[PDB]
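Q: The structure that follows is given in the form of structure tokens.
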There are 2 protein chains.
Amino acid sequence: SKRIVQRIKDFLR
Amino acid sequence: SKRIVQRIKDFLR
């Protein structure tokens with residue numbers, strides 16, 4: 001899921 | 001990416 005990956009990336013940035 | 005999600009899930013299991 002692109003949505004899920006981007007959410008994790010944004011949480012950790 | 002389904003693969004990327006599954007990679008993260010597997011790393012944390």
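Residues are named by chain letter and number: chains run A, B, ... in the order of the structure tokens, numbers start at 1 in each chain, and ligands are numbered from 1 in the order shown.
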I need the residues of chain A that end up classed as helix (DSSP H, G or I) by DSSP on the backbone, written out as a PyMOL selection string.

A: chain A and resi 2-12

Q: Filtering to N, CA and C atoms, could you give me those residues as a short mmCIF file (atom, residue, chain, number, x, y, z; two decimals), in the first residue's frame?

A:
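Generated output (again-v4.cif):
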```cif
data_model
loop_
_atom_site.label_atom_id
_atom_site.label_comp_id
_atom_site.auth_asym_id
_atom_site.auth_seq_id
_atom_site.Cartn_x
_atom_site.Cartn_y
_atom_site.Cartn_z
N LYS A 2 0.74 2.12 -1.02
CA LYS A 2 1.49 3.40 -1.02
C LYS A 2 1.06 4.25 0.17
N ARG A 3 -0.23 4.26 0.47
CA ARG A 3 -0.74 5.05 1.59
C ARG A 3 -0.04 4.64 2.88
N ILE A 4 0.03 3.36 3.13
CA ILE A 4 0.62 2.86 4.38
C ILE A 4 2.10 3.20 4.42
N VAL A 5 2.81 2.97 3.33
CA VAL A 5 4.25 3.28 3.36
C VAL A 5 4.46 4.76 3.64
N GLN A 6 3.72 5.61 2.96
CA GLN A 6 3.92 7.07 3.13
C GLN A 6 3.58 7.48 4.56
N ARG A 7 2.58 6.87 5.15
CA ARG A 7 2.24 7.21 6.55
C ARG A 7 3.37 6.86 7.49
N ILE A 8 3.99 5.71 7.29
CA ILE A 8 5.11 5.33 8.16
C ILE A 8 6.26 6.29 7.94
N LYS A 9 6.56 6.56 6.68
CA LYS A 9 7.66 7.48 6.37
C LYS A 9 7.41 8.84 7.02
N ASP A 10 6.21 9.34 6.92
CA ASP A 10 5.89 10.67 7.50
C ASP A 10 5.95 10.61 9.02
N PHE A 11 5.55 9.52 9.61
CA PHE A 11 5.62 9.41 11.09
C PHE A 11 7.07 9.49 11.55
N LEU A 12 7.98 8.89 10.79
CA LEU A 12 9.37 8.78 11.23
C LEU A 12 10.24 9.93 10.78
#
```

Q: Give chain A as a short mmCIF file (atom, residue, chain, number, x, y, z; two decimals) with N, CA and C atoms, in the first residue's frame once it has been least-squares superposed onto chain B over every C-alpha atom, paired in order.

A:
```cif
data_model
loop_
_atom_site.label_atom_id
_atom_site.label_comp_id
_atom_site.auth_asym_id
_atom_site.auth_seq_id
_atom_site.Cartn_x
_atom_site.Cartn_y
_atom_site.Cartn_z
N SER A 1 3.40 0.09 -1.57
CA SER A 1 4.05 -1.18 -1.99
C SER A 1 3.72 -2.34 -1.03
N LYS A 2 3.09 -3.41 -1.52
CA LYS A 2 2.82 -4.58 -0.66
C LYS A 2 4.13 -5.17 -0.16
N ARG A 3 5.13 -5.22 -1.03
CA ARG A 3 6.44 -5.78 -0.66
C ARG A 3 6.99 -5.03 0.54
N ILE A 4 6.98 -3.72 0.47
CA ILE A 4 7.57 -2.90 1.54
C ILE A 4 6.78 -3.09 2.83
N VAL A 5 5.46 -3.05 2.74
CA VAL A 5 4.68 -3.22 3.97
C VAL A 5 4.98 -4.57 4.61
N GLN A 6 4.98 -5.61 3.81
CA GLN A 6 5.19 -6.97 4.36
C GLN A 6 6.60 -7.08 4.97
N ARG A 7 7.57 -6.44 4.37
CA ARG A 7 8.94 -6.48 4.94
C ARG A 7 8.97 -5.83 6.31
N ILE A 8 8.30 -4.70 6.45
CA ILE A 8 8.28 -4.03 7.76
C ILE A 8 7.56 -4.91 8.76
N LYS A 9 6.41 -5.44 8.36
CA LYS A 9 5.65 -6.30 9.26
C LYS A 9 6.49 -7.49 9.70
N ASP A 10 7.18 -8.11 8.78
CA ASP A 10 8.01 -9.29 9.12
C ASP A 10 9.18 -8.88 10.00
N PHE A 11 9.74 -7.72 9.79
CA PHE A 11 10.87 -7.27 10.64
C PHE A 11 10.40 -7.12 12.08
N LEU A 12 9.18 -6.63 12.27
CA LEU A 12 8.69 -6.30 13.61
C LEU A 12 7.98 -7.44 14.30
N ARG A 13 7.69 -8.52 13.60
CA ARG A 13 6.85 -9.56 14.23
C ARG A 13 7.58 -10.28 15.37
#
```
